[PDB]
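Consider the single chain below, provided in C-alpha cells and representing the form deposited in one PDB entry.
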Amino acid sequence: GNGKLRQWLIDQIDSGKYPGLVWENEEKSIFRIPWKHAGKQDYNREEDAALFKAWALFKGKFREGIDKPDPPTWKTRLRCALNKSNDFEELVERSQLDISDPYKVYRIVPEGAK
C-alpha cells in the first residue's frame, strides 16, 4: 500500500546510477550499499551521499537551492528507514565497513514473511 522504500531502493540498485549499489546475486535478493564514513579523506560529498540525497529528494525532505545540504542527516534517515523496514535486513557479518570502499550488505525479505 503506502510503502515507498521497497520499490524505490530496488529501482536505484537496478538503475546502476550509483557505483557500488549493486546486486550480489542474480535472484536480486541480496544487494550491496556503499557506506563510507563522511569524515574520511576518501569521502566525496557528491558521489558518496548521492543515494542518501536521492532518498531525501524523493521523500520531499530537501529541495535544491532552498534547503542547506546535510549529508549526515540524509544518511541517518536512510539508515533508520532500513533499520525499521520489514522489507530489508542487514547481513551484518557480510558487511565490509572496514575497507577502502566500505559497504553494508542487505537482504530483501520476500513480500509476505514478517
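Residue positions are given as counts along the sequence shown, with the first one as 1. Between two forms, the rigid core is the largest collection of C-alphas that superpose within 1.5 Å. Only residues modelled in both forms are compared.
If you look for the form deposited in another entry, you will not find it shown, but the lines that follow are about it.
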Worksheet entry | Core-superposed comparison between the shown form and the other one - Cα displaced by 2 angstroms or more, from 84, 28, 45, 59 | 45
Fill in: Relative Cα spacing, residue 59 and residue 42, in the other entry - shift of 3 Å or more
closer
Discussion item. Given that the shift is 3 Å or more, do the Cα atoms of residue 41 and residue 74 end up closer or farther apart in the other entry than in this form?
Written reply: closer
Response to the item:
Per-residue Cα shift of 2 Å or more between the shown form and the other one after core superposition, grouped into runs of 3+, gives 39-43, 45-48
